[PDB]
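Notes to accompany the following structure.
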């Protein structure tokens with residue numbers, strides 16, 4: 006061995022294991038899915054109740070970067086909200102210098118280069134987080150990007166990060182997100198995260214949803230309570 | 002900027018780089034010093050002459066001021082930069098407080114320079130020990146020494162270098178009150194002490210006396226030949 | 008093979024902070040006792056050679072007129088912490104025109120005690142006792158290489174620490190007097206040291222509410238020895 | 004093990020061990036319990052000593068008039084964050100002239116402690132802060148950890164032998180959002196008698212209680228004024 | 003970020019700087035190159051084989067000018083060469099902005115070799131893997147110098163670097179004398195590169211630059227075919 | 005063959021080799037991807053494939069063709085996170101040429117500045133030397149079209165036909181037999197001889213949705229990316 | 002990053018330090034230089050190493066470097082490390098002259114360089130210099146002087162010293178043939194060719210294999226003269242004429 | 002002004018195969034002499050001199066920084082400096098203090114070492130070099146020295162008549178100046194020897 010201690014050494018077949026070891030820390034965080042509808046993006050995070058002592062609304066795995074940009078994370082939570090600070094700080098310098106709201110193809114480009122810069126040196130480690138970015142503009146439509154711990158970003162019509170990643174995006178392509186508005190989506194986001202994580206491994210869990218589009222007038226915010234109670238009314242009909 | 006902890010603790014509480022440096026002292030040449038009530042006398046042994054070199058460039062007794070002499074052992078490369086930093090400090094004292102430097106003050110400068118240097122980043126400790134000898138104001142002759150860890154420490158008689166345990170065990174059975182009776186009688190203690198060390202039969206010894214008002218005065222190898230005659234002559238008749 | 012200087016144990020403590028706790032078991036023993044009449048505070052010298060001058064070494068040194076100290080473990084790096092404590096009491100006098108209390112001296116040193124690293134290099138291998146009389150009466154504190162300080166009533170620090178701490182819990186009570194607390198400590202030092210006790214192996218220093226920091230010398234000290 | 008030397012090095016499983024070893028440091032300190040009502044936030048600590056003549060090591064500290072903390076771990080790192088904690092409260096009071104909100108304070112702590120968990124030759128902060136305070140939204144109980152992951156909670160307990168204290172809080176947390184300050188405290192005092200050996204409990208010299216209150220500035224009670232709170236508790240059933 | 007700030011080139015217990023010894027092995031595995039001065043100018047010649055027919059041979063150049071009158075070839079690895087060319091381009095300019103005079107060829111080798119010594123002692127770097135051959139005609143008399151990755155330099159009449167350099171130096175010893183013209187030195191420099199080349203030596207397999215009192219220049223492939231004609 | 009830490013950092017082996025660079029050439033091959041560039045008489049064509057495995061992924065964000073300047077385009081092989089960071093340098097270095105010197109940068113001077121940056125990574129013993137390759141095309145006056153490759157060792161050369169990736173050696177054996185029969189090359193012939201290069205090496209016989217073609221020509225020197233409709237025009241004319 | 006560090010500065014558990022002793026092991030091989038003085042004048046005799054038949058033999062010397070207007074040095078060891086030390090103490094002598102408007106004494110030029118050389122052995126995490134070197138010169142305080150430096154950083158005055166490959170063979174013969182203050186600068190030249198006749202294994206003493214430079218005091222000149230290759234070989238055979246007579250008559 | 006704080010005058014003149022340089026001897030502060038042996042002409046190798054005039058500090062300061070850079074040049078290279086090369090060296094030295102300038106104006110005179118050809122030039126206080134073929138002057142009494150040299154210089158002059166011309170040019174122009182005088186020293190160099198003479202001037 007010895008070829009996998011630093012992030013500055015290639016393997017004798019040419020790959021960095023410190024990045025691949027940090028990717029393995031993502032599959033212990035639970036599940037964060039997000040699909041974009043015809044006219045908006047809907048996030049969704051299923052949230053483990055570790056003990057009864059915590060408070061409903063603690064330690065949110067679903068951030069708010071700019072007025073229109075949203076973030077849902079999966080990984081090591083201290084590194085997640087550290088990336089959420091620089092992305093929130095990067096969007097401020099765009100507006101203060103260029104005058105208008107930052108677009109997503111540039112915003113996910115600036116963050117991913119900051120993530121990539123920690124996979125070159127022995128002095129730092131790679132981040133242990135993967136996350137998603139989604140927004141809506143009236144001149145651009147909806148956008149949905151995703152960033153791995155290596156620093157690779159792409160666009161998606163729907164993606165998933167967590168433990169059961171393939172078991173979640175199996176059912177995403179059963180949907181038809183090209184035509185659905187972001188009202189029927191909210192019932193379908195919650196349904197596909199109910200069929201995952203059987204009650205053997207986890208006792209109880211918590212739904213946490215997010216929501217952006219022109220129905221939210223471009224601003225990013227959480228769903229109201231009554232709409233996600235309809236999705237939890239749409240919970241126990243997957244047993245047929 | 003080389004930032005690395007050189008001196009670290011051991012799992013039983015020692016500083017290995019400090020006590021490795023104390024063995025570099027333990028194979029430098031022997032330096033002996035006693036003090037009389039009016040004239041101090043210190044003198045190195047093991048000059049180890051090769052009769053083709055300049056005799057003044059090899060000296061190990063130097064002066065920091067008019068009143069303060071200094072001898073050392075260990076490796077000579079680190080020695081003469083501690084001296085040159087001590088000459089600056091004892092000179093800048095005169096720009097401050099007007100009296101000349103007391104002999105106790107300059108050892109606290111050397112020992113505190115030597116300690117914090119076993120504390121910094123990327124610096125091996127010094128590998129020298131010293132003997133600082135001076136007769137201060139109000140004519141009080143006294144001496145000190147400096148461990149490489151930086152513990153200044155006064156004495157009545159001392160000896161460092163290669164073969165220092167045997168000489169110190171020799172002085173405790175030999176340092177009486179009447180051994181410092183006369184000025185020429187205290188010198189007969191030192192020449193008897195260094196002869197009880199690595200051989201130095203009048204050809205490898207270099208004493209240097211100071212009579213509390215002069216500077217240092219190296220006697221040439223004629224009185225040392227005169228003193229080693231009478232030091233053996235008293236031993237010739239008693240036994 | 009080589010860790011850093013900044014590495015946790017699998018048991019969780021550290022390595023070189025715990026190693027420095029081992030280093031203060033090699034120093035000379037020291038005893039301080041807090042009494043409502045005042046703080047007495049003693050040490051041995053551990054004289055090595057007959058040719059050595061005895062008064063050149065010291066363990067008791069003063070910080071201010073009303074605060075004394077006592078050191079153990081290594082000595083050469085104790086002189087750094089003493090000098091930081093002296094400057095700290097003068098900056099407090101300069102700006103506030105009063106005397107810094109005994110507790111707030113100690114945390115000013117204890118914040119310095121754990122600051123090694125690889126920026127801006135090892136912990137300090139000393140252990141200190143702080144005797145003083147502030148406005149809350151006489152006080153006695155004890156810091157650590159780890160930077161932990163706590164008020165004690167009768168603390169024994171050195172190579173003979175746990176042997177003295179057992180014999181010190183049986184003689185102390187809350188209503189001592191200073192004349193007998195001095196006599197009680199020299200009985201403990203007489204048991205634990207190597208050589209016989211005289212007026213040169215040890216030294217004492219007391220601080221009272223009335224007078225300032227006073228250190229005994231070789232004339233008023235041996236009356237307690239002959240009347241032990 | 005070669006994966007167990009520096010904070011930078013990932014494990015082949017994906018678990019940095021130097022963070023996990025700092026979790027052992029908070030399990031060595033003595034226990035403390037925090038909990039809240041609708042209008043109050045109470046944290047109760049359990050002091051330790053070394054000998055019977057040395058004093059007990061205090062744990063509850065005063066940060067601001069509406070924020071107090073409780074420590075568990077090595078105390079020198081605790082004062083390094085506490086001096087950061089005081090500084091960030093009074094400059095916001097210097098600039099905006101308002102008390103800094105509690106939930107926004109802890110996000111500064113999580114950013115402060117995450118930085119040495121990613122550089123080279125930098126240890127994590129081994130400390131166990133329980134935070135109790137007031138926003139405009141009432142009481143808050145927060146905990147942190149050396150992994151820089153802070154948790155919002157309504158009752159927690161950290162330190163040595165703290166799992167028995169959590170089992171007491173789960174079967175009594177239906178009552179916490181109703182009671183006044185009197186039996187809110189001696190609910191929390193019944194948690195500390197759970198985390199002790201079966202002979203000594205609460206002898207008025209090893210316990211400290213702090214309350215921040217809806218009309219009450221944050222106040223620390225020590226070893227004489229504890230005695231009104233500490234009386235009125237039943238004997239340990241055995 | 004920051005650097006390492008420690009030398010990774012230390013003394014062996016046998017007293018040999020091992021990384022400099024290994025860097026000379028990379029020099030010996032390079033392309034062969036010969037250089038001959040003869041009484042009015044210096045001839046530098048190298049050996050340039052593309053790996054396939056797809057490469058454009060008129061794109062990069064081995065023989066490089068430094069100023070009006072100083073040329074420079076190498077035998078080592080590729081990308082390390084282009085670094086200390088650009089360094090040597092600049093060092094000739096700070097000499098000229100002070101003294102208003104073209105730099106002597108001896109003073110250029112003083113300053114290029116002082117880079118490589120400074121680069122084999124400082125922290126966190128491996129030494130270069132090239133040797134150099136530097137020509138020029140300053141004050142009538144021509145010059146021919148050779149540096150190494152250690153930082154030393156020499157003054158040769160004729161030498162060879164690269165593969166089979168121990169066979170090239172024996173060949174030059176039986177051929178070179180003190181009295182040759184420039185065009186006679188060209189014919190004996192192609193004759194010594196023919197000792198180790200492939201089967202066909204065309205006008206683009208080699209690259210020759212010359213110095214005169216008229217200054218340094220590099221031969222176009224037209225007359226290189228003329229010198230390659232009537233050879234051997 | 006090995007002594008010291010020469011397997012781990014960029015120092016010399018006893019044989020004169022150094023392994024961390026030649027470990028990084030076969031980090032290019034882990035993409036599973038191959039690109040071909042062919043220079044013509046008055047044009048230059050880059051062709052490369054794209055592999056879209058999911059229907060949930062947006063097919064418009066997986067382009068390996070990048071527009072460096074208005075007249076210079078490039079294709080990237082190797083790993084994705086290092087390739088996109090290197091494009092960010094080339095966009096930056098070209099803008100400083102225009103600001104300092106007042107005219108459009110030549111394509112060989114741009115490739116020299118990239119290789120000098122990549123040289124430093126294999127020169128200091130701290131950094132990791134960016135395991136991805138680089139191929140540029142462009143029109144230069146009094147030179148016609150010209151193609152350059154930069155590898156992560158710092159080497160570069162001008163080519164006439166170029167392959168890079170997994171099937172590099174099989175494609176260059178194809179192209180050197182194609183060029184040495186010395187046929188003249190029009191616009192449509194260079195497009196035909198570049199598609200049929202990797203269509204016979206990979207043996208796919210694809211449809212217009214898997215490849216993407218960038219081009220430059222001396223009648224419109226803008227770097228432009230071909231539409232799938234006009235790729236299909238070349239593709240059905242290839243099957244006579 | 003701390004795994005790749007070699008720790009060129011720490012001690013060894015036996016007390017000494019390894020890194021300069023390996024450099025003083027490399028100073029044993031690769032070169033031979035010697036000096037001698039007893040009267041007006043001082044000489045440096047150096048032995049050339051590269052004696053290949055294709056070299057230009059320029060730059061006025063090979064191992065002799067004129068430092069000041071009235072002193073020079075001979076060097077041994079790593080030649081690339083030698084060039085950096087030479088043009089380092091060359092401007093120490095000039096910044097002395099800029100400051101005091103007086104030529105530098107020969108002794109405190111050596112102490113200035115040997116403090117720079119000592120610092121690399123002491124901190125910085127740096128390879129030391131594998132260079133030892135001689136010093137000849139003149140000053141008004143002591144006249145003709147002769148010094149020797151070491152890679153450890155300690156110097157010394159001398160009367161005759163060699164740092165060759167068989168330096169210990171030469172020093173044992175120098176203290177068998179000498180006279181304190183009476184060897185004028187012809188007997189010293191005669192004694193120099195006798196010593197390097199022995200320590201050079203290549204016999205017969207080819208006149209191009211050695212270099213000799215002298216420093217004689219002319220009233221305001223202090224002439225440093227590298228004597229040419231036309232008067233070496235007559236001094237070679239002058240040793241060869243007497244040795245046939247001294248052997249046969251004994 | 003600043004240049005008139007101490008006075009001074011330096012003249013160089015080109016001959017056939019020779020070149021002469023002359024300067025005054027007075028050192029003083031605005032009205033008051035101090036000494037009459039102040040050196041203003043400094044040697045820079047054989048057969049190559051430099052004269053400095055202006056503020057008496059920068060006369061002694063620049064002549065020591067220039068000697069500092071010259072000895073490093075002649076030891077790094079194996080040869081003496083050409084007269085043209087020193088002109089570029091001084092012009093570098095003055096231009097570095099572009100905004101902190103030295104208040105002096107150098108005059109360089111010497112023979113080219115290989116082909117023994119004379120060379121004269123002069124520089125302003127920020128280093129604009131001006132080479133001529135007849136004469137250059139610098140100092141406070143400049144305009145008096147132009148009336149001498151424009152009327153007395155001849156193209157091809159042996160070193161005897163070159164000495165007589167530069168002597169009569171200095172003894173009359175400096176006599177008309179108030180803050181310059183108290184003696185004149187004249188160096189006349191050539192390829193075989195070098196000659197220093199001091200003139201009998203008015204000590205008035």
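Protein chains in written order, with UniProt numbering: chain U, 6 to 245; chain V, 2 to 240; chain B, 8 to 127, 134 to 241; chain H, 4 to 241; chain P, 3 to 234; chain L, 5 to 244; chain Z, 2 to 251; chain A, 2 to 205. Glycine is no exception: its CB is placed at the ideal position from the N, C-alpha and C atoms.
Chain Z contact for residue i (CB, 9 Å cutoff)
| i | result |
| --- | --- |
| residue 88 (chain V) | no |
| residue 109 (chain P) | no |
| residue 18 (chain V) | yes |
| residue 23 (chain V) | yes |
Test item: CB-CB of residue i and residue j under 9 Å
| i | j | result |
| --- | --- | --- |
| residue 177 (chain L) | residue 38 (chain L) | no |
| residue 147 (chain Z) | residue 38 (chain Z) | yes |
| residue 114 (chain Z) | residue 92 (chain Z) | no |
Any C-beta of chain P under 9 Å from that of residue i
| i | result |
| --- | --- |
| residue 48 (chain Z) | no |
Among the options, nearest to residue i - alpha-carbon criterion
| i | options | result |
| --- | --- | --- |
| residue 120 (chain Z) | Z:102, Z:154, Z:99 | Z:154 |
| residue 194 (chain U) | U:244, U:236, U:19, U:25 | U:236 |
Min CB distance residue i to chain U below 9 Å
| i | result |
| --- | --- |
| residue 23 (chain L) | yes |
Chain V contact for residue i (CB, 9 Å cutoff)
| i | result |
| --- | --- |
| residue 26 (chain B) | yes |
Please identify, using Cβ separations under 9 Å, the residues of the segment 80-103 of chain P that lie next to chain A, in order along the chain. 99, 100, 101, 102, 103
Name, going along the chain, the residues of the segment 34-64 of chain P whose beta-carbon falls closer than 7 Å to a beta-carbon of chain L. 54, 55, 56, 57, 58, 61, 62
Contacting positions in the segment 129-157 of chain P - beta carbon closer than 8 Å to chain A: none
At a CB distance below 8 Å, what residues from the segment 117-151 of chain V approach chain P? Give them in sequence order. Cβ contacts with chain P: none found.
Using a beta-carbon distance cut-off of less than 9 Å, what residues from the segment 118-134 of chain U approach chain L? For chain L, the residues of the segment 118-134 of chain U that bring a beta carbon within less than 9 Å of one of its beta carbons are 118, 120, 121, 122, 124, 125, 126, 127, 128, in chain order.
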